[PDB]
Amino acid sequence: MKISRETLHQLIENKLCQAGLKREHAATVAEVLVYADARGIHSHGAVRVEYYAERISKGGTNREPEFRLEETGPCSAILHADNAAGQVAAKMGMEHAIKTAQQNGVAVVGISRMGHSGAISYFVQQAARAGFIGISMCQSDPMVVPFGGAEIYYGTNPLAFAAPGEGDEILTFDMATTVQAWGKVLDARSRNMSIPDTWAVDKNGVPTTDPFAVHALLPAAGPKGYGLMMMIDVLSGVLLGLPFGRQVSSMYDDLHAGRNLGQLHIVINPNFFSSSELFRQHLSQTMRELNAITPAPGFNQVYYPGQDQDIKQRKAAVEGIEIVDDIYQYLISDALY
């Protein structure tokens, strides 16, 4: 299937407002989801709306959250999110991060107790359009073995980064700290496809090619992805006084209960270090020079990080967002779950 950005937004906003979210909250949630789809990050796209709807109606996601922005220092704050939708809480936090970095050069803001926030690179792009460097990270559903391990501990804790170049240019990098996303496993379950042995592991911690055998995911680059997801958990969970590692709520544990997730934003105003105009020129030069690199045999081109997603996002404004078929059929009707 294929529809435009604006229609898909409308549909998602409708389905979510119908579940019981306020109008503007559903708009924000929708905004973050279509962003993901437009960039080809479909696991954080419209596919999640049905799940979101059920949790909203059962009161797992708060539809009347009492936000409280606690400012703890000149460059630090916690947004107590009262288990609001994650897309909403995270963006609000980023907006406070932005104005703080604007005034005082740097900002570190935790988002305390929120639902799933979607593709977190949305929030760092926010910092970048304001002319700042953005870094963001959050906890996730426990699904990954430690390096050398056979029991679940951390989630697929994502990390994203963005910085501005000249004009509208933005360099956006995001990464999962696992080899692959859980959805790719359920999709090969939904195929009787057999998966690569580098993705995942059975209940004994032995890597497997049987998606039905899969109990947990492997961390990217062994101990490295392991350390990175540890760091993200410490920074967006332990730092905020939230449940951590093993303790983090799983997706389908209790649809009537808040996730209590944590997210951390870090924003840096380049003006507080050197010329922001030269910074932006150097970002734009980086992107050009990397894209001009002689590709290895096999490769058509070298991308600068996130470039392929930027290209997809741009091809999407012209041609429309690609979307797996039935999600569309769900979106129009009157049924939530």
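The numbering used is simple: start at 1 and walk along the sequence shown.
For the segment pair 163-171 and 182-190, the entry gives 182-190 the higher mean B-factor, averaged over Cα atoms. Per the PDB record, of the two stretches 137-145 and 228-236, 137-145 carries the greater mean B-factor over its C-alpha atoms.
Across the options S276, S57, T294, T286, the residue with the most elevated CA B-factor in the record is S57. When the Cα B-factors of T209, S121, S76, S112 are read from the PDB record, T209 comes out highest. Ranked within its chain, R63 lands in the highest third, by CA B factor from the PDB record. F299: CA B factor in the highest third of modelled residues in this chain (values from the PDB entry).
When the modelled residues of the chain are ordered by their C-alpha B factor, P196 lands in the highest third. When the modelled residues of the chain are ordered by their C-alpha B factor, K312 lands in the highest third. Annotation for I268: CA B-factor lies in the lowest third of the chain's modelled residues.
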